[PDB]
């Protein structure tokens, strides 16, 4: 998980257009049980890329917000 | 005062507990299946 997350970070630094690398980075953050860091990273990516049609990212955001509970409206959206 | 006999008693009695049927949590409502599902390749 640490090595895969580092490789995803290097891929992101090499080419920022690789959305799959950033989503895998978020998945690796989930793998290391870093729920809060993954949530902050996902919020940053969504606010920077509001026009991106990353359906799985929005599904993961909805699941995370449902787990949090207080952000239920964002989960609905 | 010899007049009409009538009693006034406000009714604010609390009802009995309803005990409704309990919902069953989904598989995705537990942390370990969530971890298995999100970490899918």
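Chains as they are written, first to last, in PDB author numbering: chain q, 349 to 425; chain v, 7 to 47. Where is the CB? At the ideal position from N, CA and C, for every residue including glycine.
Whole-angstrom distance between residue 24 (chain v) and residue 18 (chain v), CA atom to CA atom: Going by the C-alpha atoms only, they are around 17 Å apart.
For residue 391 (chain q), report the span of its alpha helix (DSSP H) as first-last. Where residue 391 (chain q) is concerned, the enclosing alpha helix (DSSP H) stretches over 383–396.
Host alpha helix (DSSP H) of residue 376 (chain q) (start-end): 367–379
Determine whether the beta carbon atoms of residue 374 (chain q) and residue 389 (chain q) lie at a separation below 8 Å. yes
Report the neighbours of residue 45 (chain v) on chain q: residues whose CB is nearer than 7 Å to its CB, in chain order. 375, 378, 379
Nearest by alpha-carbon distance to residue 292 (chain q): which of q:392, q:416, q:361 is it? Because chain q is modelled from 349 through 425, residue 292 (chain q) falls outside the range shown and cannot be assessed.
Best match in q:386, q:367, q:356, q:414 for proximity to residue 399 (chain q) [C-alpha to C-alpha]: q:367
Does the CB of residue 408 (chain q) have a neighbour CB from chain v at under 8 Å? yes
Does the distance from the CB of residue 36 (chain v) to the CB of residue 378 (chain q) come in under 8 Å? no
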